[PDB]
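Visitor: Mind looking over this structure? Questions follow.
Using ideal geometry, Cβ is built from the backbone for each residue, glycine included, and neighbour counts are taken over all protein chains shown. Each value in this text was obtained by applying a stated rule to the coordinates, not by laboratory testing.
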Amino acid sequence: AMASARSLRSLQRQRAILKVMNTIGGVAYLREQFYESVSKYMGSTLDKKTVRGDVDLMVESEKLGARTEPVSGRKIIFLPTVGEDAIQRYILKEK
């Protein structure tokens, strides 16, 4: 039985993920650097399970796109409208 405050915190974390994704250019590997950015945006990653949960909620509701980058095996998340050029540029840059 989820208390309303907890649900509100989930929404706050989703807003943070969204704002950070816009700020960092709309494409990110799901890894420590990203979670650290979300933590710093919110004012401060010993947990991370909690934020990952909300990333997952966002992927499932299609607020974020997600896919495995096959060469590295890392998971990429992206703003759905960012464009494949940007995604590939990011993959190339972080190669």
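Visitor: Return the pair list, or none, for Cβ contacts closer than 7 Å from residues in region 30-41 that are under 19 Å from residue 67 (Cβ atoms) to residues that are surrounded by fewer than 17 Cβ atoms within 10 Å (Cβ to Cβ) and not charged (D, E, K, R), at least 6 apart or on different chains.
Guide: Here the result reads 35/45, each pair linking region 30-41 to a residue that is surrounded by fewer than 17 Cβ atoms within 10 Å (Cβ to Cβ) and not charged (D, E, K, R).
Visitor: Pull up region 1-28, narrow it to residues that are small (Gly, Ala, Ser) and outside any helix (DSSP H, G or I), then point me to the one that is nearest to residue 81 (Cα to Cα).
Guide: Among residues in region 1-28 that are small (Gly, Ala, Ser) and outside any helix (DSSP H, G or I), the one nearest to residue 81 (Cα to Cα) is 26.
Visitor: Name the residues in region 29-63 that are exposed (fewer than 15 other Cβ atoms within 10 Å of the Cβ), in a loop (DSSP other than H, G, I, E, B) and under 11 Å from the mean Cα position of the chain (by Cα), would you?
Guide: Answer for region 29-63, where residues must be exposed (fewer than 15 other Cβ atoms within 10 Å of the Cβ), in a loop (DSSP other than H, G, I, E, B) and under 11 Å from the mean Cα position of the chain (by Cα): just 31.
Visitor: For residues that are in contact with a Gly (Cβ under 7 Å, 6 or more places away or on another chain) and either surrounded by fewer than 12 Cβ atoms within 10 Å (Cβ to Cβ) or in a helix (DSSP H, G or I) (or both), tally how many sit in region 64-95.
Guide: 2
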